[PDB]
Amino acid sequence: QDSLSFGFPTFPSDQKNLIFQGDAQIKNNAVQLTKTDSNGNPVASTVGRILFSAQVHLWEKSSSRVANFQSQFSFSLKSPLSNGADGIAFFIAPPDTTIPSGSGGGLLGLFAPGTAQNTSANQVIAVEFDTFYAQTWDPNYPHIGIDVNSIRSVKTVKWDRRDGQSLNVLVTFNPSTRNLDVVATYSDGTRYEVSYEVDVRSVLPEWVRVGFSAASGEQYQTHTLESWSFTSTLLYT
Amino acid sequence: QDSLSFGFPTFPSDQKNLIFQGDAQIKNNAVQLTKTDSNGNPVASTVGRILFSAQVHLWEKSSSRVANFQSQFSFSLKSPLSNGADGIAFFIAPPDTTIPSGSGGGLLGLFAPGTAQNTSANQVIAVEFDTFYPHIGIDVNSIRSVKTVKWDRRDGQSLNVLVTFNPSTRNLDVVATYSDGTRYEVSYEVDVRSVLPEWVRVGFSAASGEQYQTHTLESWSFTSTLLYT
Ligand SMILES: OC[C@H]1O[C@H](O)[C@@H](O)[C@@H](O)[C@@H]1O
């Protein structure tokens, strides 16, 4: 299809179009990407991801078209301790993507340790929310980063972690300008913006899958996806 | 998801979210449900169907919600014969639906002979365009339409159809038009909750028995959103 869109105002436990990987699962109408105990508390050494089953047509060589898309979502992080790790990320990757071996902790379940910074060995675009808890490639402060085939963000902006508070995020890609814009805000109006120019055609295959990934190494916290809407349409360029 | 939409203004041969069953395949940016030879002419004894990959959340028991959906599509039928058959149908069925053994010809690849008229043995809502007088029929768990209206078969002309379901009135409305303004309408009240499971798949089916014709799906757009009834 040239156009595709779907919306999850909440996440009921009766799911049919979500691909669950690692420890990801539904609890209390939300997606718990990282493992939680019976008390609903976060645990260490856990990784989880989800993908929408339908494949998205990102670009079409044949017609020289590239999709215009936007993903809107909300998440919250919680922990008994004052801070947590490691972070959550929205990502776009090849349809058959699976959790790489040894991609826990700071790798957010997105990259393999041996090729984490090798742009030629990866095909992925991600918007990460790093809670910088525990000191090496990205800035030494919590931030929102845009990753293009590397765990080392090509662009970042300072960010603030607030326990238990939902962050509303809007990610958009405009094929005529090639700008991938990210806007995140807390209910009180605190806003965070970061954008980057990138030609998705040279980074990802024509058909891709979209979803989220999160991980906790030694330090932990829950990475709870609360809502998610996505729309995409191929446009002539 | 509570809401889902997709649109195929055309059907390029590079598809990833379509489930092809029977002889259905893409040819010339269109879906050819029934088999065609090398020259592109229709042949006898052929059945084909396609379903969209992602399951549609039709209704939800917990929240007591039911989906408001719209399916807009266009197709054309061509046949050198004076009596092309058998027809094409838009249908909604359980996720694991497959072509029933012996469902060719008049059964349109939708029902099995033994239970084609046994409502209790089927779970499917379909809107058929039968050409073997020609008519538009609304099927609910049976090949025996709950109602039909007269229709005209125009060889090689595209018919634009809009099928909608309003959970508030439980009305399933069908509107079909030819490019000259010729209009056909038929409506039926039905509670989809009592007919289909909460999650379903949507697609099209077509077949030709001894008499034949091409069944070409040219475009298709679908949208669905759960609402409070
Ligand atoms: O094609 C016309 C006709 O051919 C055969 O007689 C059977 O397959 C029927 O079901 C079908 O209606």
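Below, chains carry the letters A, B, ... as their sequence lines are ordered, and counting in each starts from 1. Every heavy atom of this structure was used, including side-chain atoms; hydrogens, water molecules and symmetry mates were not. Order of listing sets the numbers, starting from 1, for every ligand and every atom in it.
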Contact (N/O only, under 3.5 Å) between B:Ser208 and ligand 1: no
Without hydrogens or angle criteria, can the side chains of A:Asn68 and A:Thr233 be said to hold a donor-acceptor pair below 3.5 Å? no
Between B:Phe75 and B:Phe129, does the ring centroid distance fall short of 6.0 Å? yes
Counting only nitrogen or oxygen atoms and a 3.5 angstrom limit, does B:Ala85 reach ligand 1? no
Atoms of ligand 1 close to B:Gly105 [distance to a heavy atom under 4.0 angstrom, numbered from 1]: 8 (O), 10 (O), 11 (C)
Any carboxylate oxygen within less than 4.0 angstrom of a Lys/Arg side-chain nitrogen, looking at B:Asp180 and B:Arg154? yes
Here the atoms of ligand 1 under 4.0 Å from any heavy atom belonging to B:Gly106 are 9 (C), 10 (O), 11 (C), 12 (O)
Report, in ascending order of atom number, the atoms of ligand 1 lying under 4.0 Å from any heavy atom of B:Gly209. 1 (O), 4 (O), 8 (O)
With sequence neighbours excluded, tell me which residues meet side chain to side chain donor-acceptor pair (under 3.5 Å) with A:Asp96. none
Considering the options A:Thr34, A:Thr36, A:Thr46, which one meets the side chain to side chain donor-acceptor pair (under 3.5 Å) requirement together with A:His223? A:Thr34
